[PDB]
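Heads up, the thing below is written out as structure tokens.
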Amino acid sequence: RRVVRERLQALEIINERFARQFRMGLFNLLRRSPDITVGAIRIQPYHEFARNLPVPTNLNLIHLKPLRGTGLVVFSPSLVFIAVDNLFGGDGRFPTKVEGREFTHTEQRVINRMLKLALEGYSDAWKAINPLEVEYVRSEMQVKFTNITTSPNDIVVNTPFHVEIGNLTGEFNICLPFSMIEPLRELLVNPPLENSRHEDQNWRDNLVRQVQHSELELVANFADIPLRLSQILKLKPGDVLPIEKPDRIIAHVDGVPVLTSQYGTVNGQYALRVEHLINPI
Amino acid sequence: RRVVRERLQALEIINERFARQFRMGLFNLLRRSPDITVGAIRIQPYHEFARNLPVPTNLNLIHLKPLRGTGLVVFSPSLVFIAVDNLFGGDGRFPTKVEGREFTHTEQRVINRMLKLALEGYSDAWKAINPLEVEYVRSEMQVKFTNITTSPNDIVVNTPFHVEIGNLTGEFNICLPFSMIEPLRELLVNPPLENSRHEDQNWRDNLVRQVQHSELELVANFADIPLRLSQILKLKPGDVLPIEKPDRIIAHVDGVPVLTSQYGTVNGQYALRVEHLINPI
Amino acid sequence: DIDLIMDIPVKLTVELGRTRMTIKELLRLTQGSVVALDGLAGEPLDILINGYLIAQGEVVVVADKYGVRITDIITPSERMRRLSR
Amino acid sequence: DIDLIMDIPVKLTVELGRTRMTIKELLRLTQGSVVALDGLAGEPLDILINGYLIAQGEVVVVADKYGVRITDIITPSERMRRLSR
Amino acid sequence: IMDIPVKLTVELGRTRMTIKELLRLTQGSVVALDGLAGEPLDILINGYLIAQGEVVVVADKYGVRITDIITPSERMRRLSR
Amino acid sequence: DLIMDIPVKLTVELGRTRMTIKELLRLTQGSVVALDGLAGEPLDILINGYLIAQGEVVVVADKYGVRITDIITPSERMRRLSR
Amino acid sequence: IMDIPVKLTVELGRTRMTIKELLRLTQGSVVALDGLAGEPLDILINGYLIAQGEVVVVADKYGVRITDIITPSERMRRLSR
Amino acid sequence: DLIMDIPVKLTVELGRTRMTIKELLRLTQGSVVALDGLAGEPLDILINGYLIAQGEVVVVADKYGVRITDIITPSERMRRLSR
Amino acid sequence: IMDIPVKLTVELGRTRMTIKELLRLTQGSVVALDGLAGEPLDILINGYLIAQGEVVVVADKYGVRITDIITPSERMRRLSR
């Protein structure tokens, strides 16, 4: 049994701007403008993501301090082949497919350049909103060896991307554990907010100035006696129910108490004599 | 007659991380990535483990200070053969099987490298949670000569592993006496816990802040007289039972006494006058 | 069905009065401040459970002990009239 | 079968009263603090064995010696009613 | 200073006529107000106004695009209207 | 029945465990605690803190729905309170 | 300071209606609550709340994945609900 | 029999030994002490500290179950207390 | 300080029910207790507990494998049980 649901707003924009940054980075790196198509953000268990992962492919570990845990990135053999031949200027119209064969030293080095470029791009994109350092840990071949999540059923978030350069195409993914963003679960849901300048706080203070003009309905309580509905049914008008001594009156609005008070007889009216505001701090 | 049962959580994760560490260690040692499949943790008597042990095979003694007793590790002749030929770069497609023949000096030396590498790996893996030094004592050929346990029926815990390198496969075991972990029996059952930072204790203190808001029902006792159910049967309503002088009243909640008190007549109610909290320290 | 429900504990609440009041007023309020309520002195107090209207009653001091004496059971029509305010 | 069981020693217990009380209150309590119980003065005390309801009784000082005098044997129906609270 | 939940209110336009114009109009009758397409909307708390701001819809759910706290200057004129 | 239309508060629980405050003291903010009831047993269903019946939750219509199975059964209620 | 065992309590959701809706529903009738799939669960002691945390199952035995002590802020709102 | 349904506490013992406190003084926290009853003899069964009967434990249904064998036998009870 | 022999006591499990469940069960009837296979056993002196420890058999004679003196912490809980 493992269930999680949520809706996200900010990381979509974050992925879009990071994708634009990565596109321009690859353009300047390979002297050719690429195109990146960000897929819909995927929320799935770790085992489902591993099953959907096309083996063989290279997986890389990038830690995210100070949050405990390591991030994961993947790149397709088609992408690495196309990138490396473009680095050599090859047209790519006579491609080759390698399966099971581990990446050579040179191929791993080219993967290292893609890794560092992507790390820098995502670092700047993420720090544009929240400063969270990204540091590569260890590349991996098989997903089972990555074993990032505690359980295969652990639900993780993955961001797919479709990257092409002219006729040449490709797809790579960025998948993250949900526990990685569990402390920031409320922040990622919230859409990005601009300003935050000094006039933004007094703007909040302006809202407060509006807030003082508010309407509040208090509730006064005397007795909260536990009884039985059988007794209620046998209760008849004229019946009397004893009540303990109400040494004080609790005042609450929609439930939340604010103060304690003492009842009193004032100008022929049921009046209360407040003692002090309830401060939970 | 010898019976023990229990369920374990933490040592599974410990074995998994130690297996990953051992896999990377063997990868860097033999310039080839291995694969280790950890078998289900085995709990069995020493005689049963010895019977299941495939003779011939090499057994090694590694002490675990400060806990009294010595740990045991074993490695298959197939594993040592495959490891040594990979050290020589041999394909292993023309293998040989040796039975009864004791390991040569060079074979024992290669076993020594595996022993030291495994000792270092398990040392780091174990000290990642609990610092317990591991020190090799003496290798052994026959299990009967190991005679670690007091009795053959003494129940021991063994961790099986299936290690392969490509087509080449193998299996080795790590078996430990249950008395080795008897002092830490409660710890091994408990799953590993993260944090433990300074904010973790005040988090426990936060729980304490929640705890002060608790509901407790006391029990007041006057007389605890031993009688007979025959007397109870012959007892009839209106009967009187003498009671010794209750010089004090014991107050307990669900059984546990907390204080002593003296009864008294207050505001027409059965009231008690506490003396002091019961502190067993 | 009915017999099953009868032996069940339930809560009840009683309210004194209602006044319009804003956070300016409550912040201006200090220790010992007196606040009145729309409930006239001597008016029977409304009786509810879990916020649900039940009846009305008044407190009577019987044998130097406070006790609320109900006076009526709210009809559905009068309950509708009361909520239509 | 019945005759075998008759000559067997058994224990018994008696309770005074019950009050809701929390660890804040008990920590606030000091030496000589007085705490009351729901048991009214003069109310017969419940009599149990091993936590099992048996009967009720009251203490009577006969020949300057304390003694509890029972008054009733709990019926199954009244026991069910008592536990249904 | 101390916090408490409170009821808000958003108002979509106000007009001035008798109900009989709309009482005669049975169900399914469309009626327009001073509210047009484009102007921002105001927010009230317990019936007390706060600020001006448009409202959009996201994930099949309405979302207010609040702009700024309403000053007494425009507060007075909207009360007058 | 003139008070039939009265809303009520229900309570559904998993299981209990006799737990001394020394245990919670070592229990961290991210610790794991077990219960007494075995997995798969229908959850007990109560209202306003009063025992009613038992049931089990099922993933139906994308919402946790509990399937009522037993009745108050006052004899069984007495047996349960006699623990 | 002194230790004693104490009764805990975990609560799976709360709703508001009359029992007759479910009293009419005989045995085997499935009924949902405000409790959905994913949200954490709270822990009560003697009926007094402590902390928020999910519950998982291990070795065919339930295990609570507690998260943090409940502060009065959210305590008040859950009492209000 | 109006008090038939009353739960009772039973006690099962292995054997006895006359043991002077000087012996426990040299007995460490991990020492071994024997008894008077030989292995295989059925264990004595008591309730609330009162002798009832004897029985032997058997490994059945993965739980220690004791097989009752004898009755109170008041003559034998008198003989036993006359030691 | 001065020495004297004293009667010990070892207890193999405790349960809670009426004797009639076992009184109906004639001789040869097997009945289990809270005692299971593996847990240690406690030692009482004149009916007063001392320490926890398993019991083994040697030379066709039982031998207690005592572990440690019982502290009041677990003493209280075993009294409660």
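We name chains A, B, ... following the order of the structure tokens; residues begin at 1 in each chain, and ligands are numbered from 1 as shown.
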
Q: Kindly provide, as a PyMOL selection string, the residues of chain H having any atom no farther than 12 Å from an atom of chain F, counting only C-alpha atoms.
A: chain H and resi 5-7

Keeping only N, CA, C and O atoms, take the residues you just selected and write them out as a PDB file, in the first residue's frame.
ATOM      1  N   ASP H   5     -17.908 -17.459  35.953  1.00  0.00           N
ATOM      2  CA  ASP H   5     -17.135 -16.722  34.955  1.00  0.00           C
ATOM      3  C   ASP H   5     -16.250 -15.684  35.648  1.00  0.00           C
ATOM      4  O   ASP H   5     -16.491 -14.477  35.616  1.00  0.00           O
ATOM      5  N   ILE H   6     -15.199 -16.195  36.290  1.00  0.00           N
ATOM      6  CA  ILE H   6     -14.186 -15.366  36.922  1.00  0.00           C
ATOM      7  C   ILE H   6     -12.818 -15.815  36.423  1.00  0.00           C
ATOM      8  O   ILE H   6     -12.425 -16.964  36.648  1.00  0.00           O
ATOM      9  N   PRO H   7     -12.060 -14.959  35.739  1.00  0.00           N
ATOM     10  CA  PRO H   7     -10.725 -15.358  35.285  1.00  0.00           C
ATOM     11  C   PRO H   7      -9.793 -15.605  36.461  1.00  0.00           C
ATOM     12  O   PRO H   7      -9.906 -14.975  37.515  1.00  0.00           O
TER      13      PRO H   7
END

Q. Could you name the residues that touch region 65-76 of chain G at 9 Å or less, counting only C-alpha atoms, but leaving out those on the same chain fewer than 3 positions away, as a PyMOL selection string?
A. (chain A and resi 255-257+280) or (chain B and resi 203-204+206-210) or (chain E and resi 3) or (chain F and resi 28-33) or (chain G and resi 40-43+49-56+79-81)

Store the residues picked out above in a file with N, CA and C atoms, as an mmCIF file, in the first residue's frame.
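What landed in result.cif:
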data_model
loop_
_atom_site.group_PDB
_atom_site.id
_atom_site.type_symbol
_atom_site.label_atom_id
_atom_site.label_comp_id
_atom_site.auth_asym_id
_atom_site.auth_seq_id
_atom_site.Cartn_x
_atom_site.Cartn_y
_atom_site.Cartn_z
ATOM 1 N N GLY A 255 -14.666 28.474 16.371
ATOM 2 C CA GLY A 255 -13.950 27.406 17.036
ATOM 3 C C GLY A 255 -12.717 27.849 17.796
ATOM 4 N N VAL A 256 -11.961 28.798 17.251
ATOM 5 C CA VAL A 256 -10.666 29.142 17.835
ATOM 6 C C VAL A 256 -10.839 30.063 19.038
ATOM 7 N N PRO A 257 -10.458 29.613 20.231
ATOM 8 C CA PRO A 257 -10.549 30.480 21.409
ATOM 9 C C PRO A 257 -9.542 31.614 21.334
ATOM 10 N N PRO A 280 -0.981 31.533 22.247
ATOM 11 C CA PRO A 280 -0.403 30.181 22.295
ATOM 12 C C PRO A 280 1.113 30.164 22.270
ATOM 13 N N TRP B 203 13.095 17.673 18.847
ATOM 14 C CA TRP B 203 11.942 17.013 18.247
ATOM 15 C C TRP B 203 11.344 15.999 19.210
ATOM 16 N N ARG B 204 12.196 15.202 19.861
ATOM 17 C CA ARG B 204 11.724 14.372 20.963
ATOM 18 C C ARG B 204 11.167 15.242 22.078
ATOM 19 N N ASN B 206 9.806 18.081 21.508
ATOM 20 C CA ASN B 206 8.526 18.516 20.956
ATOM 21 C C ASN B 206 7.446 17.475 21.227
ATOM 22 N N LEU B 207 7.799 16.204 21.043
ATOM 23 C CA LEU B 207 6.884 15.129 21.399
ATOM 24 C C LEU B 207 6.522 15.206 22.870
ATOM 25 N N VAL B 208 7.500 15.516 23.720
ATOM 26 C CA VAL B 208 7.233 15.671 25.151
ATOM 27 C C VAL B 208 6.249 16.812 25.394
ATOM 28 N N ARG B 209 6.420 17.920 24.667
ATOM 29 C CA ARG B 209 5.477 19.028 24.770
ATOM 30 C C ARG B 209 4.071 18.565 24.423
ATOM 31 N N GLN B 210 3.953 17.705 23.414
ATOM 32 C CA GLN B 210 2.662 17.079 23.136
ATOM 33 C C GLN B 210 2.227 16.174 24.289
ATOM 34 N N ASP E 3 -3.749 34.647 15.311
ATOM 35 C CA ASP E 3 -4.318 34.227 14.042
ATOM 36 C C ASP E 3 -5.655 33.526 14.234
ATOM 37 N N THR F 28 12.002 8.930 17.810
ATOM 38 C CA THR F 28 12.288 10.178 17.123
ATOM 39 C C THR F 28 11.040 10.674 16.398
ATOM 40 N N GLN F 29 11.141 11.876 15.824
ATOM 41 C CA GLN F 29 10.037 12.432 15.056
ATOM 42 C C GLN F 29 9.769 11.656 13.774
ATOM 43 N N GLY F 30 10.685 10.788 13.354
ATOM 44 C CA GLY F 30 10.480 9.965 12.179
ATOM 45 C C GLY F 30 10.600 8.487 12.479
ATOM 46 N N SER F 31 10.101 8.070 13.638
ATOM 47 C CA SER F 31 10.196 6.686 14.072
ATOM 48 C C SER F 31 8.979 5.886 13.612
ATOM 49 N N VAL F 32 9.070 4.567 13.769
ATOM 50 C CA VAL F 32 8.029 3.640 13.341
ATOM 51 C C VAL F 32 7.553 2.850 14.550
ATOM 52 N N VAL F 33 6.236 2.776 14.727
ATOM 53 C CA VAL F 33 5.622 2.044 15.828
ATOM 54 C C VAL F 33 4.578 1.094 15.260
ATOM 55 N N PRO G 40 -1.250 12.082 5.490
ATOM 56 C CA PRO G 40 -0.786 11.446 6.727
ATOM 57 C C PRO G 40 -1.904 11.314 7.749
ATOM 58 N N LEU G 41 -1.603 10.570 8.809
ATOM 59 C CA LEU G 41 -2.550 10.295 9.878
ATOM 60 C C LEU G 41 -2.032 10.870 11.192
ATOM 61 N N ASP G 42 -2.958 11.215 12.077
ATOM 62 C CA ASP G 42 -2.614 11.786 13.370
ATOM 63 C C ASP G 42 -2.670 10.720 14.457
ATOM 64 N N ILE G 43 -1.966 10.990 15.553
ATOM 65 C CA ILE G 43 -1.891 10.085 16.692
ATOM 66 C C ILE G 43 -2.425 10.804 17.921
ATOM 67 N N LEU G 49 -4.285 14.414 21.002
ATOM 68 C CA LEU G 49 -3.438 14.326 19.818
ATOM 69 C C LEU G 49 -1.979 14.621 20.142
ATOM 70 N N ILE G 50 -1.083 14.062 19.328
ATOM 71 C CA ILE G 50 0.347 14.306 19.487
ATOM 72 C C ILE G 50 0.944 14.843 18.195
ATOM 73 N N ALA G 51 0.893 14.037 17.137
ATOM 74 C CA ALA G 51 1.756 14.253 15.987
ATOM 75 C C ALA G 51 1.091 13.731 14.723
ATOM 76 N N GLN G 52 1.639 14.151 13.587
ATOM 77 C CA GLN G 52 1.167 13.755 12.268
ATOM 78 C C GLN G 52 2.108 12.716 11.676
ATOM 79 N N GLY G 53 1.539 11.726 10.991
ATOM 80 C CA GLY G 53 2.361 10.711 10.363
ATOM 81 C C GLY G 53 1.606 9.629 9.620
ATOM 82 N N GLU G 54 2.119 9.246 8.454
ATOM 83 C CA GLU G 54 1.538 8.155 7.690
ATOM 84 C C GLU G 54 1.747 6.831 8.423
ATOM 85 N N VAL G 55 1.038 5.801 7.969
ATOM 86 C CA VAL G 55 1.176 4.455 8.509
ATOM 87 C C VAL G 55 1.405 3.495 7.352
ATOM 88 N N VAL G 56 2.415 2.638 7.485
ATOM 89 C CA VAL G 56 2.706 1.627 6.480
ATOM 90 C C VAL G 56 2.540 0.254 7.113
ATOM 91 N N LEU G 79 -9.022 20.651 15.075
ATOM 92 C CA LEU G 79 -10.126 20.670 16.029
ATOM 93 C C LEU G 79 -11.352 21.337 15.423
ATOM 94 N N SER G 80 -11.143 22.431 14.689
ATOM 95 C CA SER G 80 -12.249 23.131 14.047
ATOM 96 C C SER G 80 -12.927 22.263 12.996
ATOM 97 N N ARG G 81 -12.149 21.499 12.238
ATOM 98 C CA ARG G 81 -12.704 20.608 11.227
ATOM 99 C C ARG G 81 -13.520 19.492 11.871
#

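Atom pair CA of residue 135 (chain A) / CA of residue 34 (chain B) has a distance of 26.4 Å (rounded to one decimal).
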
Q: Excluding residue 73 (chain H) and any residue of its chain fewer than 5 positions from it, enumerate the residues within 10 Å of it, using only C-alpha atoms, and give them as an MDAnalysis selection string.
A: (chainID D and resid 4) or (chainID H and resid 52:53 78:79)

Q) Which one of C:60, C:6, C:53, C:47 sits closest to chain A if you count only C-alpha atoms? A) C:6

Cα-based least-squares overlay of chain E on chain G, as a PDB file with C-alpha atoms, in the first residue's frame:
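Output file superposed_20.pdb is given in full below:
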ATOM      1  CA  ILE E   1       9.601  12.281  34.569  1.00  0.00           C
ATOM      2  CA  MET E   2       8.469   8.996  36.095  1.00  0.00           C
ATOM      3  CA  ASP E   3       7.381   6.498  33.457  1.00  0.00           C
ATOM      4  CA  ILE E   4       4.069   4.705  32.940  1.00  0.00           C
ATOM      5  CA  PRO E   5       2.353   2.926  30.022  1.00  0.00           C
ATOM      6  CA  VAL E   6      -0.467   4.826  28.357  1.00  0.00           C
ATOM      7  CA  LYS E   7      -3.152   4.238  25.723  1.00  0.00           C
ATOM      8  CA  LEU E   8      -2.643   5.715  22.254  1.00  0.00           C
ATOM      9  CA  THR E   9      -5.154   6.426  19.498  1.00  0.00           C
ATOM     10  CA  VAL E  10      -4.976   6.811  15.711  1.00  0.00           C
ATOM     11  CA  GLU E  11      -7.933   8.239  13.789  1.00  0.00           C
ATOM     12  CA  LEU E  12      -8.750   7.559  10.130  1.00  0.00           C
ATOM     13  CA  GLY E  13     -10.898  10.461   9.016  1.00  0.00           C
ATOM     14  CA  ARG E  14     -14.012  12.213  10.285  1.00  0.00           C
ATOM     15  CA  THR E  15     -17.314  13.137   8.622  1.00  0.00           C
ATOM     16  CA  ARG E  16     -20.628  14.761   9.580  1.00  0.00           C
ATOM     17  CA  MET E  17     -24.051  13.190   8.986  1.00  0.00           C
ATOM     18  CA  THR E  18     -26.698  11.148  10.762  1.00  0.00           C
ATOM     19  CA  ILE E  19     -26.150   7.455  11.425  1.00  0.00           C
ATOM     20  CA  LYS E  20     -29.380   6.628   9.576  1.00  0.00           C
ATOM     21  CA  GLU E  21     -27.561   7.120   6.270  1.00  0.00           C
ATOM     22  CA  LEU E  22     -25.251   4.293   7.342  1.00  0.00           C
ATOM     23  CA  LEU E  23     -27.805   2.529   9.542  1.00  0.00           C
ATOM     24  CA  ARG E  24     -29.910   1.962   6.427  1.00  0.00           C
ATOM     25  CA  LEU E  25     -26.752   0.660   4.735  1.00  0.00           C
ATOM     26  CA  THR E  26     -26.554  -2.963   5.864  1.00  0.00           C
ATOM     27  CA  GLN E  27     -23.381  -4.968   6.399  1.00  0.00           C
ATOM     28  CA  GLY E  28     -21.066  -5.090   3.409  1.00  0.00           C
ATOM     29  CA  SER E  29     -21.872  -1.481   2.480  1.00  0.00           C
ATOM     30  CA  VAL E  30     -18.806   0.573   1.580  1.00  0.00           C
ATOM     31  CA  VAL E  31     -18.730   4.186   2.775  1.00  0.00           C
ATOM     32  CA  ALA E  32     -16.013   6.773   2.214  1.00  0.00           C
ATOM     33  CA  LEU E  33     -14.852   9.588   4.478  1.00  0.00           C
ATOM     34  CA  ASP E  34     -12.845  12.797   4.240  1.00  0.00           C
ATOM     35  CA  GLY E  35      -9.875  10.433   4.417  1.00  0.00           C
ATOM     36  CA  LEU E  36      -8.326   9.983   0.977  1.00  0.00           C
ATOM     37  CA  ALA E  37      -5.311   8.097  -0.363  1.00  0.00           C
ATOM     38  CA  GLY E  38      -1.977   9.727   0.511  1.00  0.00           C
ATOM     39  CA  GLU E  39      -2.498  12.150   3.384  1.00  0.00           C
ATOM     40  CA  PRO E  40      -0.786  11.445   6.727  1.00  0.00           C
ATOM     41  CA  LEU E  41      -2.550  10.296   9.878  1.00  0.00           C
ATOM     42  CA  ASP E  42      -2.614  11.786  13.370  1.00  0.00           C
ATOM     43  CA  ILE E  43      -1.892  10.085  16.691  1.00  0.00           C
ATOM     44  CA  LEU E  44      -3.851  10.635  19.908  1.00  0.00           C
ATOM     45  CA  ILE E  45      -2.956   9.579  23.451  1.00  0.00           C
ATOM     46  CA  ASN E  46      -5.903   8.772  25.726  1.00  0.00           C
ATOM     47  CA  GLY E  47      -7.764  10.732  23.056  1.00  0.00           C
ATOM     48  CA  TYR E  48      -5.269  13.632  23.075  1.00  0.00           C
ATOM     49  CA  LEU E  49      -3.438  14.326  19.817  1.00  0.00           C
ATOM     50  CA  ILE E  50       0.347  14.306  19.487  1.00  0.00           C
ATOM     51  CA  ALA E  51       1.756  14.253  15.986  1.00  0.00           C
ATOM     52  CA  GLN E  52       1.167  13.755  12.268  1.00  0.00           C
ATOM     53  CA  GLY E  53       2.361  10.711  10.363  1.00  0.00           C
ATOM     54  CA  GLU E  54       1.538   8.155   7.690  1.00  0.00           C
ATOM     55  CA  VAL E  55       1.176   4.455   8.509  1.00  0.00           C
ATOM     56  CA  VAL E  56       2.706   1.627   6.479  1.00  0.00           C
ATOM     57  CA  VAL E  57       2.595  -2.174   6.792  1.00  0.00           C
ATOM     58  CA  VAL E  58       5.629  -4.400   7.378  1.00  0.00           C
ATOM     59  CA  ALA E  59       5.775  -8.172   7.965  1.00  0.00           C
ATOM     60  CA  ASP E  60       1.965  -8.211   7.766  1.00  0.00           C
ATOM     61  CA  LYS E  61       1.947  -5.651  10.574  1.00  0.00           C
ATOM     62  CA  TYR E  62       1.043  -1.971  10.470  1.00  0.00           C
ATOM     63  CA  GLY E  63       3.772   0.575  11.133  1.00  0.00           C
ATOM     64  CA  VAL E  64       3.251   4.306  11.590  1.00  0.00           C
ATOM     65  CA  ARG E  65       5.585   6.612   9.654  1.00  0.00           C
ATOM     66  CA  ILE E  66       5.335   9.523  12.069  1.00  0.00           C
ATOM     67  CA  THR E  67       6.548  12.889  10.776  1.00  0.00           C
ATOM     68  CA  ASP E  68       6.536  15.645  13.412  1.00  0.00           C
ATOM     69  CA  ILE E  69       4.838  16.833  16.582  1.00  0.00           C
ATOM     70  CA  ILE E  70       1.586  18.659  15.861  1.00  0.00           C
ATOM     71  CA  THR E  71       1.853  22.346  16.707  1.00  0.00           C
ATOM     72  CA  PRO E  72      -1.133  24.266  18.118  1.00  0.00           C
ATOM     73  CA  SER E  73      -1.462  26.072  14.775  1.00  0.00           C
ATOM     74  CA  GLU E  74      -2.660  23.022  12.848  1.00  0.00           C
ATOM     75  CA  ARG E  75      -4.064  21.504  16.047  1.00  0.00           C
ATOM     76  CA  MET E  76      -6.607  24.319  16.220  1.00  0.00           C
ATOM     77  CA  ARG E  77      -7.658  23.915  12.586  1.00  0.00           C
ATOM     78  CA  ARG E  78      -8.055  20.141  12.883  1.00  0.00           C
ATOM     79  CA  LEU E  79     -10.126  20.670  16.029  1.00  0.00           C
ATOM     80  CA  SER E  80     -12.249  23.131  14.047  1.00  0.00           C
ATOM     81  CA  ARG E  81     -12.704  20.608  11.227  1.00  0.00           C
TER      82      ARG E  81
END

Q: Please run DSSP on the backbone and report, as a VMD selection string, all residues within chain C that come out as strand (DSSP E or B).
A: chain C and resid 9 to 10 13 to 15 20 to 21 34 to 40 45 to 49 52 to 62 65 to 73

For chain C against chain E, which residues fall within 12 Å using only C-alpha atoms, given as a PDB file with N, CA, C and O atoms, in the first residue's frame?
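Result saved to result-v2.pdb:
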ATOM      1  N   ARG C  20     -21.378  41.937  17.154  1.00  0.00           N
ATOM      2  CA  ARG C  20     -20.436  42.298  16.105  1.00  0.00           C
ATOM      3  C   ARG C  20     -19.224  42.975  16.725  1.00  0.00           C
ATOM      4  O   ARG C  20     -19.361  43.886  17.546  1.00  0.00           O
ATOM      5  N   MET C  21     -18.033  42.532  16.332  1.00  0.00           N
ATOM      6  CA  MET C  21     -16.804  43.040  16.924  1.00  0.00           C
ATOM      7  C   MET C  21     -15.656  42.724  15.980  1.00  0.00           C
ATOM      8  O   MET C  21     -15.616  41.646  15.384  1.00  0.00           O
ATOM      9  N   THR C  22     -14.734  43.674  15.834  1.00  0.00           N
ATOM     10  CA  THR C  22     -13.647  43.553  14.876  1.00  0.00           C
ATOM     11  C   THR C  22     -12.304  43.540  15.592  1.00  0.00           C
ATOM     12  O   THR C  22     -12.199  43.840  16.787  1.00  0.00           O
ATOM     13  N   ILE C  23     -11.264  43.200  14.828  1.00  0.00           N
ATOM     14  CA  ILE C  23      -9.950  43.008  15.426  1.00  0.00           C
ATOM     15  C   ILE C  23      -9.416  44.308  16.006  1.00  0.00           C
ATOM     16  O   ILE C  23      -8.660  44.287  16.984  1.00  0.00           O
ATOM     17  N   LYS C  24      -9.806  45.455  15.443  1.00  0.00           N
ATOM     18  CA  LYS C  24      -9.464  46.724  16.076  1.00  0.00           C
ATOM     19  C   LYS C  24     -10.000  46.765  17.500  1.00  0.00           C
ATOM     20  O   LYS C  24      -9.275  47.098  18.446  1.00  0.00           O
ATOM     21  N   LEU C  26     -10.955  44.227  19.446  1.00  0.00           N
ATOM     22  CA  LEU C  26     -10.365  43.239  20.342  1.00  0.00           C
ATOM     23  C   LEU C  26      -8.943  43.617  20.739  1.00  0.00           C
ATOM     24  O   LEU C  26      -8.537  43.370  21.881  1.00  0.00           O
ATOM     25  N   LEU C  27      -8.171  44.214  19.827  1.00  0.00           N
ATOM     26  CA  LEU C  27      -6.838  44.681  20.190  1.00  0.00           C
ATOM     27  C   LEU C  27      -6.919  45.848  21.161  1.00  0.00           C
ATOM     28  O   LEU C  27      -6.082  45.972  22.064  1.00  0.00           O
TER      29      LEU C  27
END

Q) Among region 11-218 of chain A, which ones does DSSP place in alpha helix (DSSP H), written as a PyMOL selection string? A) chain A and resi 11-30+46-52+77-87+105-127+143-146+178-181+185-189+198-211

Against chain A, which residues of chain C fall within 6 Å? For each one I want the closest pair of atoms and the distance in Å (one decimal), counting only C-alpha atoms, rows by chain and increasing residue number, as a tab-separated table.
residue	atom	partner	partner_atom	distance
C:6	CA	A:230	CA	4.9
C:8	CA	A:228	CA	5.5
C:9	CA	A:228	CA	4.4
C:10	CA	A:227	CA	5.1
C:11	CA	A:226	CA	4.4
C:12	CA	A:224	CA	5.4
C:13	CA	A:224	CA	4.9
C:14	CA	A:221	CA	5.9
C:15	CA	A:221	CA	5.2
C:16	CA	A:220	CA	5.4
C:20	CA	A:217	CA	5.9
C:21	CA	A:216	CA	5.6
C:22	CA	A:215	CA	5.2
C:23	CA	A:212	CA	5.9
C:24	CA	A:212	CA	5.8
C:31	CA	A:275	CA	5.1
C:32	CA	A:274	CA	5.3
C:33	CA	A:274	CA	5.4
C:34	CA	A:273	CA	4.2
C:35	CA	A:272	CA	5.1
C:36	CA	A:271	CA	3.7
C:37	CA	A:270	CA	5.7
C:39	CA	A:270	CA	5.9
C:40	CA	A:269	CA	4.9
C:41	CA	A:269	CA	4.4
C:66	CA	A:243	CA	5.1
C:67	CA	A:242	CA	3.6
C:68	CA	A:241	CA	5.0
C:69	CA	A:240	CA	3.7
C:70	CA	A:238	CA	5.1
C:71	CA	A:237	CA	4.5
C:72	CA	A:237	CA	4.7

Q: Provide the CA of residue 105 (chain A) to CA of residue 162 (chain A) distance in Å, to one decimal place.
A: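 Distance between the two atoms: 25.9 Å.
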
With a cut-off of 10 Å, could you pull out the residues of chain F touching chain I and give me the nearest pair of atoms for each, distance in Å to one decimal, using only C-alpha atoms, ordered by chain and ascending number, as JSON lines?
{"residue": "F:18", "atom": "CA", "partner": "I:77", "partner_atom": "CA", "distance": 9.8}
{"residue": "F:20", "atom": "CA", "partner": "I:77", "partner_atom": "CA", "distance": 9.5}
{"residue": "F:83", "atom": "CA", "partner": "I:16", "partner_atom": "CA", "distance": 9.9}

Just to be explicit: take each residue in the selection above, keep N, CA and C atoms, and write the result as a short mmCIF file (atom, residue, chain, number, x, y, z; two decimals), in the first residue's frame.
data_model
loop_
_atom_site.label_atom_id
_atom_site.label_comp_id
_atom_site.auth_asym_id
_atom_site.auth_seq_id
_atom_site.Cartn_x
_atom_site.Cartn_y
_atom_site.Cartn_z
N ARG F 18 0.38 -0.96 24.44
CA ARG F 18 0.75 -0.41 25.74
C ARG F 18 2.17 0.14 25.66
N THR F 20 5.01 2.87 27.12
CA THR F 20 5.50 3.69 28.22
C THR F 20 6.26 4.90 27.70
N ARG F 83 -11.73 -6.64 28.68
CA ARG F 83 -10.34 -7.02 28.43
C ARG F 83 -9.41 -6.25 29.35
#
